[PDB]
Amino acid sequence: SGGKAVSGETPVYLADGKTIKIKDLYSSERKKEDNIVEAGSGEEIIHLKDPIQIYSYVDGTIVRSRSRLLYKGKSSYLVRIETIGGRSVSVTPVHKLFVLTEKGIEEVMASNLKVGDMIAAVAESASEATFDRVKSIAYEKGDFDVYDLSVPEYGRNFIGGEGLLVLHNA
(Lines of atoms letter the chains of each structure in order from A and count residues from 1; the text may use other names and numbers.)
(Lines give C-alpha, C1' and ligand atoms only; values in the text may rest on other atoms or scores of the structure.)
Protein backbone atom coordinates (compact mmCIF):
# COMPACT_ATOMS: atom_id res chain seq x y z
CA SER A 1 0.00 0.00 0.00
CA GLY A 2 1.51 3.28 1.20
CA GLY A 3 5.10 2.36 0.45
CA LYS A 4 4.47 -0.80 2.45
CA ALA A 5 6.15 -3.83 0.86
CA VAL A 6 8.14 -7.04 1.53
CA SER A 7 11.26 -8.76 0.22
CA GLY A 8 10.83 -11.02 -2.77
CA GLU A 9 11.91 -13.97 -0.66
CA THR A 10 8.85 -13.64 1.50
CA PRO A 11 6.67 -16.76 1.53
CA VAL A 12 3.00 -16.19 1.07
CA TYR A 13 0.51 -18.94 1.92
CA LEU A 14 -1.99 -19.98 -0.74
CA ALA A 15 -5.22 -21.72 0.20
CA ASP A 16 -4.32 -24.74 -1.92
CA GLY A 17 -1.74 -25.63 0.77
CA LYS A 18 1.15 -24.38 -1.33
CA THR A 19 3.84 -22.02 -0.20
CA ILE A 20 5.42 -19.64 -2.66
CA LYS A 21 7.94 -16.82 -2.51
CA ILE A 22 6.27 -13.54 -3.49
CA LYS A 23 8.86 -12.80 -6.19
CA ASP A 24 8.14 -16.15 -7.88
CA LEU A 25 4.39 -15.66 -7.67
CA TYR A 26 4.77 -12.20 -9.15
CA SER A 27 7.01 -13.39 -11.95
CA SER A 28 4.65 -16.17 -12.93
CA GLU A 29 1.53 -14.00 -12.89
CA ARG A 30 3.37 -11.37 -14.87
CA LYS A 31 3.60 -13.69 -17.90
CA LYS A 32 -0.04 -14.76 -18.01
CA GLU A 33 -2.01 -13.53 -21.13
CA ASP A 34 -5.05 -13.43 -18.82
CA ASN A 35 -3.59 -10.57 -16.75
CA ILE A 36 -2.99 -6.88 -17.14
CA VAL A 37 0.41 -5.42 -16.32
CA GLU A 38 0.77 -1.76 -15.68
CA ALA A 39 4.17 -0.17 -15.24
CA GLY A 40 5.30 3.34 -14.38
CA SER A 41 8.20 5.05 -12.59
CA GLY A 42 9.92 2.02 -11.02
CA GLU A 43 6.58 0.67 -9.85
CA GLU A 44 4.58 -2.07 -11.50
CA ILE A 45 1.20 -3.69 -10.96
CA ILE A 46 -0.43 -6.88 -12.13
CA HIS A 47 -4.14 -7.12 -12.19
CA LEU A 48 -5.13 -10.76 -11.85
CA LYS A 49 -7.88 -12.23 -14.04
CA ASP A 50 -8.20 -15.07 -11.43
CA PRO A 51 -7.75 -13.74 -7.90
CA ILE A 52 -4.99 -15.41 -5.95
CA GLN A 53 -6.47 -17.24 -3.02
CA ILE A 54 -4.51 -16.55 0.14
CA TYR A 55 -4.88 -16.60 3.90
CA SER A 56 -5.79 -13.49 5.86
CA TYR A 57 -6.15 -13.14 9.57
CA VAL A 58 -9.22 -11.75 11.25
CA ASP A 59 -9.79 -11.44 14.96
CA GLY A 60 -8.46 -14.80 16.10
CA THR A 61 -9.30 -16.64 12.97
CA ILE A 62 -7.55 -17.42 9.74
CA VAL A 63 -9.86 -16.64 6.84
CA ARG A 64 -9.58 -17.09 3.10
CA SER A 65 -9.02 -14.01 0.98
CA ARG A 66 -8.91 -13.33 -2.75
CA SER A 67 -6.07 -11.09 -3.94
CA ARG A 68 -6.53 -9.26 -7.26
CA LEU A 69 -3.48 -6.99 -7.53
CA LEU A 70 0.21 -7.69 -7.14
CA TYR A 71 2.82 -4.97 -6.85
CA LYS A 72 6.55 -4.84 -7.47
CA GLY A 73 8.65 -1.81 -6.65
CA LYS A 74 12.00 -0.66 -5.29
CA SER A 75 13.20 0.14 -1.82
CA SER A 76 16.57 1.41 -0.65
CA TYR A 77 15.89 -0.04 2.74
CA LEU A 78 14.79 -3.30 4.26
CA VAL A 79 14.08 -4.12 7.92
CA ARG A 80 14.85 -7.76 8.71
CA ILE A 81 13.09 -9.10 11.75
CA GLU A 82 13.76 -12.28 13.65
CA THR A 83 11.83 -13.63 16.63
CA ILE A 84 12.86 -15.90 19.45
CA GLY A 85 10.51 -18.46 17.98
CA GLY A 86 12.46 -18.55 14.71
CA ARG A 87 10.09 -16.40 12.70
CA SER A 88 11.36 -13.90 10.13
CA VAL A 89 10.37 -11.38 7.50
CA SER A 90 12.26 -8.58 5.73
CA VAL A 91 10.06 -5.60 5.01
CA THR A 92 10.00 -2.01 3.99
CA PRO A 93 10.51 0.46 6.92
CA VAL A 94 6.93 1.83 6.63
CA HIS A 95 5.38 -1.67 6.68
CA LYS A 96 3.44 -2.46 9.87
CA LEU A 97 3.42 -5.30 12.34
CA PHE A 98 1.01 -5.89 15.20
CA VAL A 99 2.35 -5.63 18.75
CA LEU A 100 0.87 -6.91 21.96
CA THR A 101 1.30 -4.15 24.56
CA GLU A 102 0.08 -3.81 28.17
CA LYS A 103 -2.75 -1.69 26.75
CA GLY A 104 -3.54 -4.18 24.01
CA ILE A 105 -2.57 -4.59 20.40
CA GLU A 106 -1.20 -1.82 18.22
CA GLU A 107 0.09 -1.40 14.70
CA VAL A 108 3.74 -0.43 14.55
CA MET A 109 6.06 0.47 11.70
CA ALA A 110 8.99 -1.77 11.12
CA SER A 111 11.12 1.33 11.69
CA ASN A 112 9.62 1.79 15.19
CA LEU A 113 9.73 -1.81 16.23
CA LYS A 114 12.08 -2.51 19.17
CA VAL A 115 13.80 -5.73 20.11
CA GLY A 116 11.75 -7.20 22.91
CA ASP A 117 8.47 -6.38 21.16
CA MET A 118 5.91 -9.21 20.81
CA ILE A 119 4.67 -9.46 17.26
CA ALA A 120 1.59 -11.19 15.95
CA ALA A 121 2.08 -14.56 14.29
CA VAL A 122 -0.27 -17.42 13.49
CA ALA A 123 0.18 -20.94 14.92
CA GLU A 124 0.37 -23.86 12.44
CA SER A 125 -1.68 -26.12 14.71
CA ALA A 126 -5.05 -24.29 14.93
CA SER A 127 -4.17 -20.78 13.80
CA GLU A 128 -4.00 -19.62 17.41
CA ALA A 129 -2.95 -16.00 17.91
CA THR A 130 0.63 -16.12 19.01
CA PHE A 131 2.89 -13.21 19.96
CA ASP A 132 6.55 -13.75 19.54
CA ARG A 133 9.29 -11.58 21.03
CA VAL A 134 11.55 -10.04 18.44
CA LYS A 135 15.10 -11.21 19.05
CA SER A 136 16.69 -9.02 16.42
CA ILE A 137 16.07 -6.25 13.91
CA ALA A 138 18.48 -5.43 11.10
CA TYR A 139 18.54 -2.31 8.95
CA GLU A 140 20.06 -2.70 5.49
CA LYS A 141 20.67 -0.22 2.69
CA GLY A 142 20.74 -1.64 -0.87
CA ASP A 143 18.81 -1.77 -4.16
CA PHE A 144 15.96 -4.04 -3.28
CA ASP A 145 13.10 -5.34 -5.30
CA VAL A 146 10.03 -5.22 -3.07
CA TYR A 147 6.56 -6.72 -3.47
CA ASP A 148 3.05 -6.37 -2.08
CA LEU A 149 -0.31 -7.93 -2.75
CA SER A 150 -3.79 -6.72 -1.85
CA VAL A 151 -5.94 -8.56 0.67
CA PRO A 152 -9.25 -6.85 0.25
CA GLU A 153 -11.74 -7.74 3.04
CA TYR A 154 -12.67 -7.00 6.65
CA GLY A 155 -9.52 -7.99 8.55
CA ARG A 156 -6.92 -6.38 6.30
CA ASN A 157 -3.99 -8.55 7.28
CA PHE A 158 -1.64 -10.71 5.39
CA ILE A 159 0.07 -13.94 6.49
CA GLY A 160 3.60 -14.22 5.22
CA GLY A 161 7.22 -14.72 6.09
CA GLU A 162 8.85 -17.60 7.86
CA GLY A 163 6.45 -18.62 10.62
CA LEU A 164 3.19 -17.03 9.51
CA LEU A 165 3.77 -13.46 10.60
CA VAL A 166 0.81 -11.13 10.30
CA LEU A 167 1.45 -8.10 8.16
CA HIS A 168 -0.65 -4.97 8.06
CA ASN A 169 -0.31 -4.03 4.40
CA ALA A 170 -3.77 -2.40 4.37
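The numbering used is simple: start at 1 and walk along the sequence shown.
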query: Mean Cα B-factor comparison, 54-62 or 98-106, giving the higher one as deposited; finding: 54-62
query: Of 108-116 and 141-149, the one with larger mean CA B-factor; finding: 141-149
query: Candidate residues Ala39, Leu48, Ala121, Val134, the one whose C-alpha B factor the record puts highest; finding: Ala39
query: Entry-reported Cα temperature factor of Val12, expressed as the chain third it lands in; finding: middle
query: Entry-reported Cα temperature factor of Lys23, expressed as the chain third it lands in; finding: middle
query: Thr130 - which third its CA temperature factor falls in, relative to the rest of the chain; finding: lowest
query: Cα B factor band for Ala170 (lowest, middle or highest third within the chain); finding: highest
